[PDB]
Structures are given as C-alpha cells and as structure tokens.
Amino acid sequence: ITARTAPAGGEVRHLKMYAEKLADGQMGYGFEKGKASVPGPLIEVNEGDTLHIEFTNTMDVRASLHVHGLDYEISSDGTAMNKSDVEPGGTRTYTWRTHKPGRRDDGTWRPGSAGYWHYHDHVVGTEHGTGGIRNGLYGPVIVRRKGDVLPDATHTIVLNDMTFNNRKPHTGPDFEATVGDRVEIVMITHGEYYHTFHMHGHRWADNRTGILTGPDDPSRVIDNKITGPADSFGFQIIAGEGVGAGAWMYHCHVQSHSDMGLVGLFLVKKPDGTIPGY
Amino acid sequence: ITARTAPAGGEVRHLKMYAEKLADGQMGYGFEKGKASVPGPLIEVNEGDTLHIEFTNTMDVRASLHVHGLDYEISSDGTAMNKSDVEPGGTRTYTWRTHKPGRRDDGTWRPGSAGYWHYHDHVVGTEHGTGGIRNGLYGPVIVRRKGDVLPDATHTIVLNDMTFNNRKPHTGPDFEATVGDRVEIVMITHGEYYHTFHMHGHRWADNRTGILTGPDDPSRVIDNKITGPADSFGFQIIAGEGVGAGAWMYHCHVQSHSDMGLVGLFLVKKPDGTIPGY
Amino acid sequence: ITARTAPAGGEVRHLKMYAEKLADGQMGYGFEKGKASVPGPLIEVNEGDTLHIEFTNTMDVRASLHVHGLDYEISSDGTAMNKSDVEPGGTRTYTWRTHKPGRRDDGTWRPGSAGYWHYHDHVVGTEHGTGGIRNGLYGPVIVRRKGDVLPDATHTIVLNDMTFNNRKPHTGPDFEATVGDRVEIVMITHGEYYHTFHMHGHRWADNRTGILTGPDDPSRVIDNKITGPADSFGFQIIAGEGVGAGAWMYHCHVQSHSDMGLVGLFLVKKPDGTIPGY
Ligand SMILES: [Cu+2]
Ligand SMILES: [Cu+2]
Ligand SMILES: [Cu+2]
Ligand SMILES: [Cu+2]
Ligand SMILES: [Cu+2]
Ligand SMILES: [Cu+2]
Ligand SMILES: [Cu+2]
Ligand SMILES: [Cu+2]
Ligand SMILES: [Cu+2]
Ligand SMILES: [Cu+2]
Ligand SMILES: [Cu+2]
Ligand SMILES: [Cu+2]
Ligand SMILES: [O-]
Ligand SMILES: [O-]
Ligand SMILES: [O-]
C-alpha cells in the first residue's frame with residue numbers, strides 16, 4: 001500500500017471544548033468560543049491515544065458530553081445519574097481512552113477501539129439529551145487503527161430527525177471532490193426515525209472501515225444502508241471511480257424523506273473543474 | 001465444488017426494455033411490449049459484463065431507469081436533474097457496467113460489482129420515483145462473481161409498502177420446490193415502511209451471497225432480516241434441508257404486517273409431489 | 001484459550017414445558033406448573049443435540065411453540081395451518097434438531113445451527129401469535145458451537161413493543177456483575193416497533209457470537225444495534241473492561257423510547273461490592 005496510513009497511537013492529547021447556545025436557538029459544540037458548529041468539530045485519534053477534554057458549558061442549562069465506543073470511566077459518563085454533567089457556566093475535564101486489539105490472559109481476543117463513533121449531549125431537554133441532540137449537540141469521533149488508509153478529506157453527514165446536519169430540507173449539504181479523490185464520509189443518525197442512506201454511482205463495504213481487506217473479505221458491498229438513532233458508520237470511496245464526474249446525489253431512500261428534501265449533492269468534478277451538464 | 005458455478009464475465013450484452021402502463025393502473029417494466037411484469041424482469045450478468053439497455057417509455061408521463069450498485073456514467077443516472085429520464089414515447093439507451101475486484105495502483109482493494117441489486121424508476125410521481133416505484137416500476141439485478149454457485153431457480157419477493165410484489169394482501173406470492181432444490185431468493189424493499197423478512201424452517205448467511213465460504217466465514221446465520229426502502233439482499237437455500245417437505249411460510253415479522261396478509265408459502269414437495277398435510 | 005468452552009454436541013435432550021395464564025393477565029412459558037416466567041426459560045444446547053419438548057397448554061385458548069433457526073419438521077412448525085398448535089389442556093411433543101457445519105456432497109458449505117435464537121407462540125390472538133407474543137409467550141434459545149467461549153452468566157433482555165421483558169417502563173430490568181465477569185446478553189425484539197439497543201461503556205462485535213475470532217475478524221465493533229420484530233442477537237462482554245465499575249445504563253436509543261422508560265442498569269461492582277457514586 002502506497003497510500004497514507006494511520007500511525008500507531010499512544011499519545012496523550014488535550015482538547016478544549018465548549019457548549020454554546022447559537023443565535024438561531026440551536027446549541028452546538030466548538031473548540032473556540034464563538035466558533036461552535038452543528039455538527040460539532042471532528043475528533044480524530046489513533047488506537048491507544050488518551051484524550052483529555054476540558055469541557056466548558058457556556059449555556060444557561062445543564063449540558064454534558066457522552067461518547068460512543070471509546071473507553072471512559074463512570075466519571076466521564078456525561079449523565080445526570082452519575083453526577084457527570086456540567087452545571088451552567090461550569091467546566092469539567094472528561095477523559096476518553098482508546099486501546100489496541102490484543103490477546104487477553106484467557107486467550108480470547110479483545111477488540112480495539114477503532115471505528116466511526118460519535119459524541120452528543122445527554123442531559124439537555126431530558127435525561128437522555130433529547131433536547132440537546134435535537135438542538136445540534138452532536139459530533140463525530142474517528143478512532144483509527146494502525147495501518148488504516150487515510151483519506152484526502154472527511155465529510156460528516158448527520159441524519160437528525162428530518163434534517164441533514166440540522167439544515168433546512170432541500171438545502172443539502174453539498175460537498176465537492178475531483179475524480180480520483182479518496183473521500184471519507186462519517187454518517188451519524190439521531191432522533192426518532194429510521195433512515196436508509198443511499199448514494200448514487202458509489203458503493204462501499206458494510207464493515208468497520210467501508211473498505212475490503214482484500215479478496216478474502218466477506219463483507220457485503222452496498223450503496224444503501226439502513227440506520228437508526230445513535231447509529232454511526234463511515235466509509236471511504238474513490239470519487240467517480242468507474243462512473244466519472246457528475247452531480248452524484250445522495251439521499252435517504254425512505255420515499256417521502258427524499259421527497260421532503262433529505263437530499264444532497266456529491267459534486268465530483270473533472271480535472272478541469274467542471275461537472276457534466278453544467 | 002461439483003455444483004454449477006458462474007463463469008468469468010466480460011461480454012457486451014444488449015437489452016430492449018419498455019415502461020408500460022398496465023390496465024389496472026399499475027406501471028411495469030418488460031422486455032416485450034404487452035409483456036410487462038411487476039416486479040420487472042430479472043437482469044442477471046457476470047462481473048465485467050457491459051449492459052446496453054435500449055429503454056422505451058411507452059407511457060404518457062416521464063419515466064426513467066435507475067440502477068443500484070452497478071457502474072454507470074452520469075448520463076445513465078435516470079434522474080431529471082441529470083437530463084437522464086425519458087420523455088413520453090421516447091427511447092434512450094442506458095449503459096450499465098460491472099467490474100471484477102482487484103488491486104488498485106495505491107495497493108488498496110477495489111470491490112467488485114457482484115451482489116443482489118435492483119433497478120427502479122426515478123421520475124414518476126416525484127423527482128425520486130415515488131409514483132413509479134409505488135405503481136410497480138422496480139426489478140431485480142443479479143451480478144455474479146466468477147465461481148459463484150448457481151441455483152436451480154430464482155424467485156423475486158419485493159416488499160413494496162404493505163404488499164409483496166404489488167399483490168393484494170393474503171395472496172402470497174407462493175412458489176414451489178422439491179426437497180434438495182437449490183433455491184435463490186432476491187429480496188427488495190421499497191416504499192415508506194421498514195420490514196423484517198422471516199422464513200420458517202430455513203436460514204441463510206447475512207453476507208453478499210447468503211452462503212458461507214467455509215469454516216472461516218464469520219458471517220452470522222439468520223432466518224430474520226430487517227429491511228428498509230431500497231434495501232436489496234439475496235440468498236440461496238437447499239429446500240427442506242434438515243427439515244423435510246411441507247408448506248413453509250414466509251412473512252414480514254412486524255406483527256400486524258403478517259396480520260395484514262404479508263404472508264406467502266414456500267411449498268416444498270416430496271419427490272412424489274405431495275406436501276405433508278395435503 | 002484457557003476459558004471454559006462449549007463441548008461437542010450430539011445428545012438427545014428431553015424437556016417438559018407449559019404454557020400458563022398468569023394472574024396479571026399475561027401468559028408465559030415454564031418448565032414447571034406455577035413457575036412460568038416472562039421471558040420464558042432459557043434453552044441452551046450444543047450443535048448436534050436433539051431436543052424433545054413435551055409441551056402442555058394449560059390455557060383455555062389454543063397455544064403453540066415456534067422456534068427460530070433450529071431444525072424442525074413441518075409437524076413442529078407450531079402453526080395452525082400445519083395442525084401444529086396445541087388445543088387447550090392438550091399436550092404435544094415438539095422436536096428441535098441442531099446440526100454442525102460441514103461440507104455438502106456438491107462441495108458447498110452447509111451452515112450450522114449455532115446462534116442466538118428464540119421461541120414464541122404462533123396461534124394466540126392471531127395466526128401469527130400477536131396475542132401470545134404480546135402477553136409474554138417468548139423465550140431465548142442458545143445453540144453453541146464446539147469451542148465457543150462460555151460466560152459466567154447469561155441475561156435475557158427482550159424488547160417487546162414499548163417494554164423490556166414485559167416490565168412496566170422505568171423499572172429496568174437491572175442486573176449485576178463484578179469487574180472482570182464474562183457476561184452474556186441475549187437480545188430479542190418482538191412486536192411492532194424498531195429499536196436500537198445501546199450500552200454505555202461497553203461494546204461488542206456485530207457477528208454471531210459478539211466476539212472476534214482474532215486479528216483477522218472483519219466484523220464491525222459496535223455499541224448500538226438496530227433491531228426489529230423477531231430479531232435475535234447476543235454477545236459477551238467483560239464487565240467494566242477498560243472502563244471500571246459503575247452504574248452502566250443500557251437503553252433503546254430512539255429518543256422518546258428511552259424517555260418513555262426503556263432504560264435499565266448494568267450494575268458493575270468493584271471487588272468490594274460497591275458501585276462508584278453509591
Ligand atoms: Cu445513554
Ligand atoms: Cu430518512
Ligand atoms: Cu440510486
Ligand atoms: Cu448515545
Ligand atoms: Cu436516488
Ligand atoms: Cu413489513
Ligand atoms: Cu419462524
Ligand atoms: Cu434507489
Ligand atoms: Cu411465522
Ligand atoms: Cu425502542
Ligand atoms: Cu452511550
Ligand atoms: Cu417468529
Ligand atoms: O435512488
Ligand atoms: O414466526
Ligand atoms: O446514549
């Protein structure tokens with residue numbers, strides 16, 4: 001493999017993170033005050049890394065930070081039950097740990113932390129963060145395994161109820177690439193409804209990475225994946241591979257969801273920057 | 001393996017295909033005028049084959065042909081956005097390509113086109129073919145990999161909203177086999193609802209083919225699979241294997257869906273042609 | 001592997017089983033009269049075992065016993081269509097068989113019976129057991145493969161409509177373990193709604209066993225699994241592995257389902273018996 005690969009982990013990382021009420025009524029996470037985003041900023045670490053997140057709740061209600069898949073003690077649960085949320089104006093240091101796969105003492109195989117995970121609030125609105133998740137307090141986490149193929153860019157599409165990334169329907173989001181780009185998509189589903197993410201002209205493997213290890217990988221290859229609340233998956237694709245440039249749309253394939261406007265455009269450009277038809 | 005296996009692909013195939021309004025108000029695809037069917041005719045190719053489909057829209061509304069999983073340029077998208085639908089009375093030549101898996105230049109593994117896919121309309125009713133799919137404009141596509149085990153027969157069951165193959169509830173469809181037959185089922189889900197396809201007395205592997213490669217295949221073995229709009233899977237079973245002949249029913253396992261009449265019969269006969277109990 | 005492993009099967013087991021109307025209006029299965037439970041008693045066998053179940057319907061309505069995944073002749077279908085239910089006060093002997101994986105005569109690989117399966121009624125209320133399943137006539141079946149890692153304890157959580165194990169919402173069930181225990185969870189979904197089972201601080205492999213074979217297992221590692229009616233999966237976890245002791249909650253992640261009270265506690269204790277925070 002002559003592509004860029006993820007290195008071995010084991011670094012202790014430090015992060016500052018804020019929960020912010022936005023002008024439009026939404027709430028979002030951010031690395032800087034006044035720079036909150038919906039979805040929240042992407043957190044990407046390697047297996048074995050430890051992450052210390054100094055989380056400050058700038059909001060006037062209790063907020064928290066709860067992560068999937070990663071290792072964390074009960075004190076970083078992010079739940080009210082476990083005294084792990086953050087008072088308004090307060091600041092709390094969460095700790096997320098990751099680990100490499102390996103053989104246990106009993107001879108069994110312990111899985112690693114690698115995967116496409118996500119974080120979200122767990123105390124806003126209800127004791128399960130129904131209000132915070134609805135308002136936009138969610139974000140992706142990528143834990144890479146040593147040797148994982150690294151992409152040229154990573155895009156996050158979050159199916160939050162009847163919206164993509166809390167955007168108004170019929171407004172995308174659209175993103176761009178050039179034929180041959182290695183594009184990584186992180187997909188998170190939140191809310192109350194099930195969905196089916198479909199992508200025109202592209203396909204991926206239904207496994208951890210979206211890529212096949214080789215000729216022996218039995219993982220099914222799909223272009224349509226069913227998804228439910230708190231499901232997080234991701235994949236990589238070669239933009240326009242075998243299909244060329246064009247406005248390749250993606251959408252939920254529940255018929256009235258795509259009719260509602262749960263549609264976006266994966267704009268793959270020719271090397272001259274143009275898209276067939278425009 | 002002394003069973004019939006799929007050969008290597010690479011042939012350029014040509015197909016004529018029509019979109020037809022049926023007498024009962026449905027719309028269906030067909031290879032011959034007056035011979036349209038719901039679901040549409042099965043298209044089965046090998047990895048590496050190229051398929052040229054001369055599609056004629058005999059209907060009085062705009063129709064199109066959109067396929068999953070297979071390679072196609074933006075001009076064969078089958079969408080109105082990409083000027084790829086067909087005017088009433090018009091004729092357009094779509095091109096679907098398939099490719100074998102292989103090593104990329106960067107050393108990564110490119111997946112093949114093999115799988116249980118499907119095609120459907122994308123412009124009737126709405127810009128996502130909600131009307132065409134509802135009316136019956138859908139059909140299965142099978143792309144085989146070299147060496148894939150070939151069945152004795154292939155049956156298509158499409159869960160379109162609250163119907164099997166757009167049939168009236170409580171009317172099947174039923175199909176037959178003899179104990180020992182290698183039966184292939186292609187399952188496509190369309191519409192607005194999620195379902196769970198269940199089969200009495202039989203089970204399959206939850207992978208691309210429904211079959212295990214061997215003792216090292218980690219794919220789970222199931223008899224109940226959750227499914228959503230535009231999901232397409234398939235499998236093969238030995239009829240009556242380990243269970244004998246009988247009227248083995250299949251149904252959606254959502255309780256009121258099977259109560260509604262989303263039930264069919266997999267009639268497996270003894271070598272004398274009889275079914276236990278009848 | 002120095003952990004306890006499942007032995008080779010091939011024993012002919014005999015079981016007595018009752019269908020009982022409970023005082024609160026529910027119906028449940030049991031091995032002894034007056035000792036019925038919801039969910040029903042766990043049945044655990046090895047691949048190759050044969051199970052003879054003398055089933056007695058103590059109820060005043062027709063009841064039956066239908067199993068998933070296991071081998072059974074048409075006479076043990078448990079359906080009214082196949083004359084396989086049990087009259088009120090009647091007694092019928094069902095036979096479930098299991099088989100090991102192996103090579104077929106044609107050279108193909110026949111899958112084994114191993115997996116996390118379940119049994120339920122099929123004639124109470126409707127011809128699909130909608131009434132019996134609702135009333136609590138469901139139970140887990142575990143078929144082990146030779147060499148499968150054996151747990152310290154097994155817990156069954158059944159998502160029946162808007163309840164866990166037909167319990168009142170906000171009432172668990174909760175169960176306990178000590179840090180380091182090998183805990184097995186069997187998850188069955190019944191009824192009309194889809195769900196997503198999520199577990200704090202723990203994760204498992206999305207395959208047959210919930211465990212990875214080793215460094216070559218491509219199965220995705222998850223902590224959130226979408227599930228529908230008659231879906232049955234299971235996994236094993238090391239309680240508190242990498243996260244420590246604490247009140248680790250599990251819940252459906254459909255937002256108002258967890259808000260409704262579809263939440264339980266996986267109480268992992270320190271070696272001194274205490275849970276952090278209490
Ligand atoms: Cu939670
Ligand atoms: Cu949707
Ligand atoms: Cu498509
Ligand atoms: Cu969550
Ligand atoms: Cu589409
Ligand atoms: Cu259904
Ligand atoms: Cu069944
Ligand atoms: Cu489609
Ligand atoms: Cu059934
Ligand atoms: Cu639920
Ligand atoms: Cu969680
Ligand atoms: Cu069932
Ligand atoms: O589509
Ligand atoms: O069933
Ligand atoms: O959560």
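Per the PDB record, the structure was determined using X-ray crystallography to 2.64 Å resolution.

(A) Molecular detail of the overall build of chain A. Check the secondary structure of chain A and you find two helices and 21 strands. Since a compact globule built from 278 residues should have a radius of gyration of about 19 Å, the 19 Å found for chain A is in line with a globular shape. For chain A, the spread of C-alpha atoms along the principal axes amounts to about 55 × 50 × 30 Å. Counting the 278 residues in chain A, one finds 66% classified as buried. A separation threshold of at least 6 residues defines the contact pool for chain A, and within that pool the share at least 24 residues apart is 70%. Of the accessible surface of chain A, which amounts to about 9600 Å², a share of 49% is contributed by carbon and sulfur atoms. Placing the 27 positive and 34 negative side-chain charges of chain A at their respective mean positions leaves the two points 2 Å apart.

(B) Spotlight on the sheet that holds strand β2 (residues 27-30) of chain C. Residues and elements named next belong to chain C. In spatial order, the strands read β2-β1-β4-β6; together these four strands make up an open sheet with mixed pairing. With one partner strand each, in any of the chains shown, β2 and β6 (91-97) form the two edges of the open sheet. Averaged over all adjacent pairs, the angle separating strand axes in this sheet is 25 degrees, with direction ignored. The sheet contact formed by strand β1 (residues 12-21) and β2 spans four bridges and is antiparallel. Paired with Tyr18 across the two strands is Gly30, which belongs to β2.

(C) Fine view of the interface of chain B and chain A. Each side of the interface is counted separately: chain B has 50 residues, and chain A has 45 residues. Sorting the residues of chain B by area buried against chain A places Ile74, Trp109 and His128 of chain B first, and these three jointly supply 17% of that buried surface. Across the contact surface, chain B and chain A share five salt bridges. With a closest N to O distance of 3.8 Å, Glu241 of chain A and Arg110 of chain B form a salt bridge. Seen at the junction of chain B and chain A, the total is 30 residue pairs in polar contact. Only β8 (109-110), β9 (115-120), α1 (130-135) and β18 (224-227) of chain B provide two or more residues apiece to the side of chain B that touches chain A. Residue contributions to the side of chain B that touches chain A peak at three residues, all from β18 of chain B. Here the side of chain B that touches chain A is built from residues that sort into 15 nonpolar, 20 polar and 15 charged.

(D) Fine view of the UniProt feature "binding site: Cu(2+) 3" (unreviewed entry) in chain A. Listed under "binding site: Cu(2+) 3" (unreviewed entry) in the UniProt record, and renumbered for this structure, are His68, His120 and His253 of chain A. Of the residues just listed, which span 186 residues, the most distant C-alpha pair is 26.0 Å apart, and they do not cluster in one region. Contact partners of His120 of chain A, with chain neighbours within four places excluded, come to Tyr29, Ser64, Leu65, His66, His68, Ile133, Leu137, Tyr138 and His190 of chain A together with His253 of chain C. Its location among the elements puts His253 of chain A in the loop between β20 (246-252) and α2 (255-260). In this view, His253 of chain A contacts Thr196, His198 and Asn224 of chain A together with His68, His120, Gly191, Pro229 and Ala230 of chain B; residues no more than four positions away in its chain are not counted.

(E) Focus on the UniProt feature "binding site: Cu(2+) 4" (unreviewed entry) in chain A. The feature "binding site: Cu(2+) 4" (unreviewed entry), as given by UniProt, occupies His122, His200 and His251 of chain A in the numbering adopted here. Across 130 residues, the annotated set is spatially dispersed, with a maximum C-alpha separation of 34.5 Å. Excluding its chain neighbours within four sequence positions, the residues that come into contact with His200 of chain A are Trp248, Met249 and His251 of chain A together with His66, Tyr72, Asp77, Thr79 and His122 of chain B. For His200 of chain A, the side chain forms a polar contact with the side chain of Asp77 of chain B, separated by 3.1 Å. Tracing the backbone shows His251 of chain A in strand β20. Classification of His251 of chain A as buried rests on a relative accessible area of 1%.

(F) Representation of the relation of the copies chain C and chain B within the structure. Mapping chain C onto chain B calls for a rotation angle of 120 degrees and an axial translation of 0.0 Å; the resulting RMSD is 0.0 Å. One copy is carried onto the other by what is essentially a three-fold rotation axis. A different interface surface on each copy is seen, since only 6% of the contact residues of chain C are contact residues in chain B too.

(G) Representation of the sheet that holds strand β19 (residues 232-238) of chain A within the structure. All names here are of chain A. Strands sit in the order β12-β11-β14-β19 across an open sheet of four strands; the sheet is mixed. Where the open sheet ends on each side, the last strands, each with one partner, are β12 (163-164) and β19. Bridge analysis of strand β11 (residues 153-160) against strand β14 (residues 182-190) gives eight bridges, and the strand direction is parallel. Among the inter-strand pairings, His155 is bridged to a residue of β14, identified as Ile185.

(H) Seen up close, the environment of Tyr94 of chain B. Examined against the element boundaries, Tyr94 of chain B turns out to sit in strand β6 (residues 91-97). Of note is the side chain of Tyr94 of chain B, whose polar atom sits 3.4 Å from the backbone nitrogen of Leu65 of chain B.

(I) Spatial organisation of the nonpolar core. In this structure, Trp96 of chain A, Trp96 of chain B together with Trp96 of chain C are the most contacted members of the largest nonpolar core, which totals 165 residues. In this structure, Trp96 of chain C is in contact with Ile43, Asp49, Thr50, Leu51, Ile53, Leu65, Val67, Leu70, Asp71, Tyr72, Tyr119 and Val141 of chain C, ignoring residues within four places of it in sequence.

(J) Local environment of the coordination of the copper ion (ligand 1). Ligation of the copper ion (ligand 1) by protein atoms is provided by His122 of chain A (NE2), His200 of chain C (NE2) and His251 of chain C (NE2), these donors lying 2.1 to 2.2 Å from the ion. Given four donor atoms and angles of 95 to 141 degrees at the metal, the environment of the copper ion (ligand 1) is assigned as irregular.

(K) Quick look at the interface of chain C and chain B. Opposite the 50 residues of chain C that make contact, chain B presents 45 residues. Approximately 3700 Å² of surface area, both sides summed, lies buried where chain C meets chain B, with 53% of it carried by carbon and sulfur atoms. It is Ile74, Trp109 and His128 of chain C that lose the most area in chain C upon contact with chain B, and together they represent 17% of the buried surface on that side. Where chain C touches chain B, the interface holds five salt bridges. Where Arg104 of chain C meets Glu241 of chain B, a salt bridge forms, and the shortest distance between an N and an O atom there is 2.5 Å. There are 30 residue pairs in polar contact connecting chain C and chain B. Those elements giving two or more residues to the side of chain C that touches chain B turn out to be β8 (109-110), β9 (115-120), α1 (130-135) and β18 (224-227) of chain C. Classifying every residue of the side of chain C that touches chain B gives 15 nonpolar, 20 polar and 15 charged.

(L) Just the coordination of the copper ion (ligand 5), in detail. Donor atoms from the polypeptide that coordinate the copper ion (ligand 5) comprise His200 of chain A (NE2), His251 of chain A (NE2) and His122 of chain B (NE2), at 2.1 to 2.2 Å from the metal. One way to put it: the four donor atoms around the copper ion (ligand 5) meet at angles of 95 to 141 degrees, and that makes the site irregular. A separation of 4.1 Å is found between the copper ion (ligand 5) and the copper ion (ligand 3). Taken together, the positions of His200 of chain A in the loop between β15 (195-199) and β16 (204-205) and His251 of chain A in strand β20 put the pair 51 residues apart, joining distant regions of the chain. Each member of the pair, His200 of chain A as well as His251 of chain A, is classed as buried.

(M) Representation of the side chain of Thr108 of chain C in the model. All names here are of chain C. Within the secondary structure layout, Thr108 lies in the loop between β7 (102-103) and β8. For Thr108, a relative accessible area of 4% puts it in the buried group. Polar contacts involving the side chain of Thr108 include one to the side chain of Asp106, which spans 2.6 Å.

(N) Focus on the relation of the copies chain B and chain A. Rotating chain B by 120 degrees and moving it 0.0 Å along the rotation axis overlays it on chain A with an RMSD of 0.0 Å. Take the interface residues of chain B: only 6% of them recur as interface residues in chain A, which is what a contact between different surfaces looks like.

(O) Quick peek at the domain arrangement of chain A. All names here are of chain A. Taken domain by domain, chain A consists of domain 1 (12-144) and domain 2 (153-269). The C-alpha centroid of domain 2 is placed 23 Å from the C-alpha centroid of domain 1. In this complex, domain 1 contributes 19 residues to the contact, which on the side of domain 2 involves 19 residues. Counting each side, the surface lost to burial between domain 1 and domain 2 is near 1500 Å², with a carbon and sulfur contribution of 58%. When the buried surface of domain 1 facing domain 2 is broken down by residue, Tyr116, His118 and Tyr138 rank first, second and third, together holding 44% of it. Our count for the contact surface shared by domain 1 and domain 2 stands at one salt bridge. With its nearest N and O atoms 2.6 Å apart, the salt bridge here joins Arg144 to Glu184. The interface formed by domain 1 and domain 2 includes nine residue pairs in polar contact. Elements represented by at least two residues in the side of domain 1 that touches domain 2 include exactly β9 (115-120), α1 (130-135) and β10 (138-144). Its residues assigned to classes, the side of domain 1 that touches domain 2 comprises nine nonpolar, eight polar and two charged.

Rules and cut-offs
Residues numbered from 1 in each chain as written, not as in the entry; some residues may be left out. Chains lettered and ligands numbered in written order. Heavy atoms only, no water. Helix = DSSP H or I, 4+ residues; strand = E, 2+ residues; numbered from the N terminus. Rg over C-alpha atoms; globule rule 2.2 N^0.38 Å. Buried < 20%, exposed > 50% of the residue type's maximum accessible area, 1.4 Å probe, protein only. Contact = heavy atoms within 4.5 Å. Areas by Shrake-Rupley, 256 points an atom, 1.4 Å probe, with all protein chains shown as cover. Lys, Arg positive; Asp, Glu negative; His and termini not counted. Charge placed at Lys NZ, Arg CZ, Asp CG, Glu CD. Pairing = 2+ DSSP bridges. Axes fitted to C-alpha atoms, helices over the stretch in contact; angles between N-to-C directions. Buried area = accessible area lost by both parts, 1.4 Å probe. Salt bridge = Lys/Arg side-chain N within 4 Å of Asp/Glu carboxyl O. Polar contact = N/O pair within 3.5 Å; in protein donor to acceptor, adjacent residues only side chain to side chain. Nonpolar A, V, L, I, M, F, W, Y, C, P; charged D, E, K, R; others polar. UniProt positions renumbered as here; feature names shortened; annotations may be inferred. Least-squares fit on C-alpha atoms. Core = buried A, V, L, I, M, F, W, Y, C linked by side-chain atoms within 4.5 Å. Donors = N, O, S within 2.8 Å, 3.2 Å for Na, K, Ca; no water. Tetrahedral: all angles 85-135°; square planar, octahedral: opposite > 155°, others 65-115°. Domains from an automatic or database assignment.

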